[PDB]
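Colleague: Below is a structure I'd like to ask you about.
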Amino acid sequence: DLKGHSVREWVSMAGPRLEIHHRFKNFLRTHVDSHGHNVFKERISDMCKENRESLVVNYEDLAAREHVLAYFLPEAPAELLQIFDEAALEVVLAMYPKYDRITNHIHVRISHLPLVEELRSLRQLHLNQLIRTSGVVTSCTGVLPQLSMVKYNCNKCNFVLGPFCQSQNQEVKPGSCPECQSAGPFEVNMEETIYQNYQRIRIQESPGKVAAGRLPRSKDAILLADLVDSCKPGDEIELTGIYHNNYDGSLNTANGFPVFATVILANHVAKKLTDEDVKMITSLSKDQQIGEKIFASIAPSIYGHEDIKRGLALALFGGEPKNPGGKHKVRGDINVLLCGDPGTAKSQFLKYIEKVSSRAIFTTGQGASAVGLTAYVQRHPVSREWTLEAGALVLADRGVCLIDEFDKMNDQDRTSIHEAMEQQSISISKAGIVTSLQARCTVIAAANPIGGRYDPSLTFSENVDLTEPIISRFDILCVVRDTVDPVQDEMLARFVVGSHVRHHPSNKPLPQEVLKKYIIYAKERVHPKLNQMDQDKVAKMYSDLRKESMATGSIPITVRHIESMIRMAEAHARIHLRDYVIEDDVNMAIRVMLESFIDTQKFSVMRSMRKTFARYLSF
DNA sequence: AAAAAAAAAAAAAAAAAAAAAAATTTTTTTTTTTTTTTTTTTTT
DNA sequence: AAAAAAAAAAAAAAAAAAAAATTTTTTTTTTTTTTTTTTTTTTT
Ligand SMILES: Nc1ncnc2c1ncn2[C@@H]1O[C@H](COP(=O)(O)OP(=O)(O)OP(=O)(O)O)[C@@H](O)[C@H]1O
Ligand SMILES: [Mg+2]
Ligand SMILES: [Zn+2]
């Protein structure tokens, strides 16, 4: 019921405390379901099955069945939340009385609060009220331990001053010891205390929602005991919490308006491997067109460059790493370099790889890089803790670093990427950190040739500004020429304009994550083995290719290329999800490796090799 | 050989950690001085 | 034999003495960061 006094004082009175606690118990037990299920029974069943420590309830259901509580909720949320903690504790103990050891506490979260305010507009009129809001996490410190029921050693006599509850507002302070009667220098008993997880995030208004002439505004937020690490930086998150002012934040200091900071005790944060995967992946792997389906599922937002779609497929699935003895580093990573004249989807390719492949990061030879190739240690600014920011490769240790504009990286990045793909370990020796972080990168890269146009007369090495050892070890070199042509340009223009009209704001092969599950399955679980290839055929293949390449200015095919051939064979076997490499796979790996080698070779020699080796490129 | 560009050095400014600096009378006890009362010893 | 002086013991009151007692804030220091100058190094 209602009276002249305020809502908060009302709900503070004991009579209505029992009233609303009874009402919460009542609808917890009785609000069966939309369609007669008693959903609270099943929710509590799962809650205690995992020991989640936290229930969540829908505000629409709350208000619809019992509306007085819903109206009271934003007015004096703290008191209602405490009582619902107690009532939920009662009902969960009723369902499972064995729960008593489990945390002695249940939190309750409220979802779908109808009235969302915007971080631009949170005024005095929302203090001490439960609001709903949206934003992006700009920072999120680590999980810290907070006092929740603290016991103090009176260090005059070592009496254990009993467990004081710790509100978020002001630090608890014992008056005196019940034994020796001193307000002594008390100090926390580290053990008998039962702490509580504390994490501090900072959300800000999303640029997609910020207005024209503006700076997005940022509100702090505190996560406690179950929601810590429920959201990482850059996550678009809805936040529901008690917008809050009265803790100790106030500019009572000199030189300041009497102006208060604010926080949000977050009461609900909402962001915005498997089984049967073997079944689906193997069932489609039966099809045996799966190689071309993968080749046509890789990079659908690009036209042409089928050679590079295939090549990046082989780079994505990789080979296998081996070490005969503890003496020979032979690698499973297939490194790729697109070299292309401008405006030919190099960065488009790279961003597709970043989107699709797990443990992918992006980096640029220029200084605009999100993540850097070098490794450095400093005090990271948004956290101000002294990190070892290990570079881009190490951060992409398993999967892919993607080096866009590979042809302009500063000489330090040249040194670092060379030493990465050569050693496969990045050797840091800056402050006192003389270590070697292993970097099993699978580098993809893009490079614009000299003069902004590919020059078929000169060779690849001398018309791209990447020095010989760097250009060598890349398992695939691909050339991208923007050759003017009627039908090609017609097709490209029609595709682009179709995308544009489709992407007007009025209109608002295998799927990509299907391919991603395929990627991890065939990258870790499946290791095709090789005793089933015409060893003599490939040995004579190297013989014939190098024998033709014997000439001046004709740096020949070598063992680098023959091991790259085996890597590509394994990769195609992986791609076929087989457990044994087959002559078909060996033929395809031969085809792609030889295509890469001839197109590396300049025009006249390219035509000689193409004419005399068309039998393999025929397949 | 001199000009342009880049890298490193020098110097000022800021943020946090941890060691220093400052404030700071009132109530209870209990010994000592004084008085008082009952008794015994001595004198009229 | 009665009166009285003295003795010891008991009590009240005033002066002196006894005892009790962590917390908050400020400042130096260290350490990085940033700007701008100077220096050095690469180019035509
Ligand atoms: N084959 C293609 N299919 C689709 N879009 C393409 C293709 N070739 C070029 N484009 C378009 O060209 C534009 C430039 O693409 P991209 O970012 O890859 O440039 P680039 O050639 O790598 O240039 P740069 O050297 O400046 O990085 C993008 O709009 C991309 O869509
Ligand atoms: Mg590009
Ligand atoms: Zn004590």
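Numbering starts fresh at 1 for the residues of each chain in the structure tokens, the chains themselves are lettered A, B, ... in the order given, and ligands are numbered from 1 as they appear.
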Let's see if you can do this: from backbone DSSP, list all strand (DSSP E or B) residues in range 99-207 of chain A, as number ranges by chain.
Modeller: A: 107-111, 116, 118, 121, 129-140, 144-154, 159-165, 187-188, 194-204
Colleague: Go ahead and save the residues from that selection, with C-alpha atoms, as a PDB file, in the first residue's frame.
Modeller:
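This is the output file part39.pdb:
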```
ATOM      1  CA  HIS A 107      22.294 -12.621  -6.102  1.00  0.00           C
ATOM      2  CA  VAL A 108      19.293 -11.625  -8.205  1.00  0.00           C
ATOM      3  CA  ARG A 109      19.487  -9.743 -11.500  1.00  0.00           C
ATOM      4  CA  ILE A 110      16.702  -7.818 -13.236  1.00  0.00           C
ATOM      5  CA  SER A 111      16.488  -7.918 -17.027  1.00  0.00           C
ATOM      6  CA  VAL A 116      16.728   2.779 -21.192  1.00  0.00           C
ATOM      7  CA  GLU A 118      21.438   7.167 -22.668  1.00  0.00           C
ATOM      8  CA  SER A 121      21.483  11.945 -20.466  1.00  0.00           C
ATOM      9  CA  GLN A 129      17.863   4.489  -9.047  1.00  0.00           C
ATOM     10  CA  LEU A 130      18.225   1.318 -11.099  1.00  0.00           C
ATOM     11  CA  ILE A 131      18.656   2.302 -14.752  1.00  0.00           C
ATOM     12  CA  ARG A 132      19.346   0.412 -17.972  1.00  0.00           C
ATOM     13  CA  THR A 133      21.973   1.678 -20.390  1.00  0.00           C
ATOM     14  CA  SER A 134      24.144   0.659 -23.347  1.00  0.00           C
ATOM     15  CA  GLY A 135      27.768   1.213 -24.233  1.00  0.00           C
ATOM     16  CA  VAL A 136      31.157  -0.234 -25.108  1.00  0.00           C
ATOM     17  CA  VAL A 137      33.725  -1.272 -22.512  1.00  0.00           C
ATOM     18  CA  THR A 138      36.774   0.949 -22.975  1.00  0.00           C
ATOM     19  CA  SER A 139      38.651  -0.540 -20.010  1.00  0.00           C
ATOM     20  CA  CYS A 140      38.251  -3.422 -17.576  1.00  0.00           C
ATOM     21  CA  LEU A 144      40.529  -7.859  -7.271  1.00  0.00           C
ATOM     22  CA  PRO A 145      39.543  -9.282  -3.840  1.00  0.00           C
ATOM     23  CA  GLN A 146      36.998  -7.247  -1.828  1.00  0.00           C
ATOM     24  CA  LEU A 147      36.038  -7.502   1.826  1.00  0.00           C
ATOM     25  CA  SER A 148      32.457  -8.754   2.292  1.00  0.00           C
ATOM     26  CA  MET A 149      32.311 -10.058   5.885  1.00  0.00           C
ATOM     27  CA  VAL A 150      35.572  -8.897   7.427  1.00  0.00           C
ATOM     28  CA  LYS A 151      37.066 -10.004  10.747  1.00  0.00           C
ATOM     29  CA  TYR A 152      39.750  -7.924  12.451  1.00  0.00           C
ATOM     30  CA  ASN A 153      42.569  -8.907  14.764  1.00  0.00           C
ATOM     31  CA  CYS A 154      42.700  -6.407  17.574  1.00  0.00           C
ATOM     32  CA  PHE A 159      40.778 -10.974  19.701  1.00  0.00           C
ATOM     33  CA  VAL A 160      38.913 -11.725  16.474  1.00  0.00           C
ATOM     34  CA  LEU A 161      36.512  -8.808  16.077  1.00  0.00           C
ATOM     35  CA  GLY A 162      33.498 -10.418  14.512  1.00  0.00           C
ATOM     36  CA  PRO A 163      32.430 -10.480  10.882  1.00  0.00           C
ATOM     37  CA  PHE A 164      31.301  -7.006   9.851  1.00  0.00           C
ATOM     38  CA  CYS A 165      29.335  -6.702   6.642  1.00  0.00           C
ATOM     39  CA  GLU A 187      44.079  -5.058  11.256  1.00  0.00           C
ATOM     40  CA  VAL A 188      42.347  -7.530   9.007  1.00  0.00           C
ATOM     41  CA  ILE A 194      35.449 -14.059   3.410  1.00  0.00           C
ATOM     42  CA  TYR A 195      36.316 -11.778   0.520  1.00  0.00           C
ATOM     43  CA  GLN A 196      34.399 -11.100  -2.684  1.00  0.00           C
ATOM     44  CA  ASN A 197      35.437 -10.578  -6.289  1.00  0.00           C
ATOM     45  CA  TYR A 198      35.645  -6.948  -7.426  1.00  0.00           C
ATOM     46  CA  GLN A 199      36.158  -5.731 -10.988  1.00  0.00           C
ATOM     47  CA  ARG A 200      36.002  -2.181 -12.337  1.00  0.00           C
ATOM     48  CA  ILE A 201      34.929  -1.481 -15.924  1.00  0.00           C
ATOM     49  CA  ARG A 202      34.320   1.750 -17.829  1.00  0.00           C
ATOM     50  CA  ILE A 203      31.587   1.872 -20.478  1.00  0.00           C
ATOM     51  CA  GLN A 204      31.130   4.685 -22.986  1.00  0.00           C
TER      52      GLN A 204
END
```
Colleague: Please check the contacts: residues of chain A at most 10 Å away from chain C, using only C-alpha atoms (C1' of nucleotides), listed as a PyMOL selection string.
Modeller: chain A and resi 182-185+378-379
Colleague: Quick one: residues within 10 Å of residue 301 in chain A, only C-alpha atoms (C1' of nucleotides) counted, chain neighbours fewer than 3 positions away excluded, as number ranges by chain?
Modeller: A: 297-298, 345, 348-349, 352, 495-496, 499
Colleague: Take the selection from the previous step and output its residues with N, CA, C and O atoms, as a PDB file, in the first residue's frame.
Modeller:
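The result, written out as result.pdb:
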```pdb
ATOM      1  N   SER A 297      34.229 -20.930 -50.858  1.00  0.00           N
ATOM      2  CA  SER A 297      33.730 -20.339 -49.623  1.00  0.00           C
ATOM      3  C   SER A 297      34.718 -19.366 -49.006  1.00  0.00           C
ATOM      4  O   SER A 297      34.316 -18.536 -48.183  1.00  0.00           O
ATOM      5  N   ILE A 298      35.992 -19.458 -49.370  1.00  0.00           N
ATOM      6  CA  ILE A 298      36.988 -18.507 -48.897  1.00  0.00           C
ATOM      7  C   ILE A 298      36.850 -17.229 -49.709  1.00  0.00           C
ATOM      8  O   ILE A 298      36.854 -17.261 -50.943  1.00  0.00           O
ATOM      9  N   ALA A 345      42.188  -5.588 -53.955  1.00  0.00           N
ATOM     10  CA  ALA A 345      41.596  -6.409 -52.900  1.00  0.00           C
ATOM     11  C   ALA A 345      42.631  -7.107 -52.022  1.00  0.00           C
ATOM     12  O   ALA A 345      42.336  -8.136 -51.413  1.00  0.00           O
ATOM     13  N   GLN A 348      41.397  -6.303 -48.669  1.00  0.00           N
ATOM     14  CA  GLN A 348      40.126  -7.014 -48.571  1.00  0.00           C
ATOM     15  C   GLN A 348      40.352  -8.479 -48.206  1.00  0.00           C
ATOM     16  O   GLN A 348      39.683  -9.029 -47.319  1.00  0.00           O
ATOM     17  N   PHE A 349      41.312  -9.120 -48.879  1.00  0.00           N
ATOM     18  CA  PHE A 349      41.700 -10.487 -48.534  1.00  0.00           C
ATOM     19  C   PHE A 349      42.154 -10.584 -47.088  1.00  0.00           C
ATOM     20  O   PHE A 349      41.699 -11.459 -46.339  1.00  0.00           O
ATOM     21  N   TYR A 352      39.420 -10.400 -44.662  1.00  0.00           N
ATOM     22  CA  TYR A 352      38.660 -11.646 -44.595  1.00  0.00           C
ATOM     23  C   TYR A 352      39.358 -12.667 -43.709  1.00  0.00           C
ATOM     24  O   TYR A 352      38.702 -13.381 -42.939  1.00  0.00           O
ATOM     25  N   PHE A 495      29.530  -6.475 -59.941  1.00  0.00           N
ATOM     26  CA  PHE A 495      29.591  -6.996 -58.579  1.00  0.00           C
ATOM     27  C   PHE A 495      29.624  -5.858 -57.560  1.00  0.00           C
ATOM     28  O   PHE A 495      28.888  -5.876 -56.564  1.00  0.00           O
ATOM     29  N   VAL A 496      30.463  -4.851 -57.804  1.00  0.00           N
ATOM     30  CA  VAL A 496      30.621  -3.770 -56.834  1.00  0.00           C
ATOM     31  C   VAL A 496      29.331  -2.964 -56.715  1.00  0.00           C
ATOM     32  O   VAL A 496      28.883  -2.644 -55.606  1.00  0.00           O
ATOM     33  N   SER A 499      26.751  -4.851 -54.785  1.00  0.00           N
ATOM     34  CA  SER A 499      27.007  -4.754 -53.353  1.00  0.00           C
ATOM     35  C   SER A 499      26.558  -3.403 -52.819  1.00  0.00           C
ATOM     36  O   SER A 499      25.965  -3.321 -51.741  1.00  0.00           O
TER      37      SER A 499
END
```
Colleague: Residues within 12 Å of residue 18 in chain B, please, as an MDAnalysis selection string. Count only C-alpha atoms (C1' of nucleotides); anything in the same chain fewer than 2 positions from it doesn't count.
Modeller: (chainID B and resid 16 20) or (chainID C and resid 27:30)
Colleague: Export N, CA and C atoms (P, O5', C5', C4', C3', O3' and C1' of nucleotides) of the chosen residues as a JSON list (two decimals), in the first residue's frame?
Modeller:
```json
[["chain", "number", "residue", "atom", "x", "y", "z"],
["B", 16, "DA", "P", 47.24, 8.30, -10.54],
["B", 16, "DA", "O5'", 48.19, 7.46, -9.57],
["B", 16, "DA", "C5'", 48.92, 6.36, -10.10],
["B", 16, "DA", "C4'", 50.05, 5.95, -9.19],
["B", 16, "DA", "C3'", 49.63, 5.57, -7.76],
["B", 16, "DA", "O3'", 50.17, 4.29, -7.43],
["B", 16, "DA", "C1'", 51.38, 7.18, -7.71],
["B", 20, "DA", "P", 61.09, 7.88, 6.91],
["B", 20, "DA", "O5'", 60.60, 9.37, 7.16],
["B", 20, "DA", "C5'", 59.23, 9.67, 7.01],
["B", 20, "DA", "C4'", 58.99, 11.15, 7.03],
["B", 20, "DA", "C3'", 59.00, 11.78, 8.40],
["B", 20, "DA", "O3'", 59.33, 13.17, 8.30],
["B", 20, "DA", "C1'", 56.77, 11.58, 7.58],
["C", 27, "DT", "P", 52.48, 19.81, 2.38],
["C", 27, "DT", "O5'", 53.73, 18.87, 2.10],
["C", 27, "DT", "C5'", 54.49, 18.37, 3.19],
["C", 27, "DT", "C4'", 55.61, 17.49, 2.71],
["C", 27, "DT", "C3'", 56.25, 17.95, 1.41],
["C", 27, "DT", "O3'", 57.62, 17.71, 1.44],
["C", 27, "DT", "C1'", 55.36, 15.80, 1.12],
["C", 28, "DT", "P", 58.61, 18.61, 0.57],
["C", 28, "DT", "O5'", 59.73, 17.58, 0.10],
["C", 28, "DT", "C5'", 60.35, 16.77, 1.06],
["C", 28, "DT", "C4'", 60.40, 15.33, 0.61],
["C", 28, "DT", "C3'", 61.27, 15.08, -0.61],
["C", 28, "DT", "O3'", 62.41, 14.34, -0.22],
["C", 28, "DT", "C1'", 59.21, 13.86, -0.72],
["C", 29, "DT", "P", 63.69, 14.24, -1.18],
["C", 29, "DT", "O5'", 63.35, 12.99, -2.09],
["C", 29, "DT", "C5'", 63.03, 11.75, -1.48],
["C", 29, "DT", "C4'", 62.41, 10.79, -2.47],
["C", 29, "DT", "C3'", 63.11, 10.70, -3.83],
["C", 29, "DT", "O3'", 63.95, 9.57, -3.86],
["C", 29, "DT", "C1'", 60.69, 10.63, -3.98],
["C", 30, "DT", "P", 64.84, 9.25, -5.16],
["C", 30, "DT", "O5'", 63.88, 8.32, -6.04],
["C", 30, "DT", "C5'", 63.12, 7.28, -5.43],
["C", 30, "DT", "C4'", 62.08, 6.74, -6.38],
["C", 30, "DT", "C3'", 62.60, 6.42, -7.77],
["C", 30, "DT", "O3'", 62.23, 5.10, -8.14],
["C", 30, "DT", "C1'", 60.68, 7.81, -7.92]]
```
Colleague: At a cut-off of 10 Å and counting only C-alpha atoms (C1' of nucleotides) and all ligand atoms, what residues surround ligand 2? Please answer as a list in words.
Modeller: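 After applying the 10 Å limit, what remains is residues 340, 341, 342, 343, 344, 345, 346, 347, 348, 349, 350, 351, 364, 403, 404, 405, 406, 446, 447 and 448 of chain A.
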Colleague: Could you save those same residues with C-alpha atoms as a short mmCIF file (atom, residue, chain, number, x, y, z; two decimals), in the first residue's frame?
Modeller:
```cif
data_model
loop_
_atom_site.label_atom_id
_atom_site.label_comp_id
_atom_site.auth_asym_id
_atom_site.auth_seq_id
_atom_site.Cartn_x
_atom_site.Cartn_y
_atom_site.Cartn_z
CA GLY A 340 49.67 -6.67 -56.23
CA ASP A 341 49.27 -3.49 -58.17
CA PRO A 342 46.94 -1.07 -56.33
CA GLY A 343 43.21 -1.40 -55.94
CA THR A 344 43.07 -5.21 -56.19
CA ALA A 345 41.60 -6.41 -52.90
CA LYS A 346 44.82 -7.15 -51.00
CA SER A 347 43.56 -5.54 -47.80
CA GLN A 348 40.13 -7.01 -48.57
CA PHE A 349 41.70 -10.49 -48.53
CA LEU A 350 43.62 -9.75 -45.34
CA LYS A 351 40.54 -8.52 -43.54
CA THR A 364 50.67 -2.72 -40.94
CA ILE A 403 50.87 -7.80 -42.48
CA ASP A 404 49.09 -5.32 -44.73
CA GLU A 405 51.43 -3.11 -46.73
CA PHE A 406 54.30 -5.51 -46.08
CA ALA A 446 50.41 -7.94 -48.85
CA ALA A 447 52.85 -5.78 -50.84
CA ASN A 448 52.50 -3.14 -53.55
#
```
Colleague: Could you name the residues that touch residue 34 in chain C at 12 Å or less, counting only C-alpha atoms (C1' of nucleotides), but leaving out those on the same chain fewer than 5 positions away, as a list in words?
Modeller: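 Neighbouring residues, sequence-local ones excluded: residues 11, 12, 13 and 14 of chain B.
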Colleague: Using only C-alpha atoms and all ligand atoms, can you tell me which of A:30, A:549, A:366, A:543 comes closest to ligand 1?
Modeller: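 Smallest distance to ligand 1 is found for A:366.
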Colleague: Could you list, as a list in words, all residues that come within 6 Å of ligand 3? Count only C-alpha atoms (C1' of nucleotides) and all ligand atoms.
Modeller: residues 154, 156, 157, 158, 159, 177, 179 and 180 of chain A
Colleague: Kindly save the residues from that selection, with C-alpha atoms included, as a compact mmCIF listing (two decimals), in the first residue's frame.
Modeller:
```txt
# COMPACT_ATOMS: atom_id res chain seq x y z
CA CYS A 154 42.70 -6.41 17.57
CA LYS A 156 46.61 -5.26 21.20
CA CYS A 157 45.22 -8.66 22.29
CA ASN A 158 44.50 -10.70 19.11
CA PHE A 159 40.78 -10.97 19.70
CA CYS A 177 37.66 -4.44 20.84
CA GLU A 179 37.76 -7.74 25.11
CA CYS A 180 40.44 -5.17 25.92
```
Colleague: Rounded to one decimal, what separation in Å do you get between CA of residue 79 in chain A and CA of residue 93 in chain A?
Modeller: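 That distance, rounded to one decimal, is 21.3 Å.
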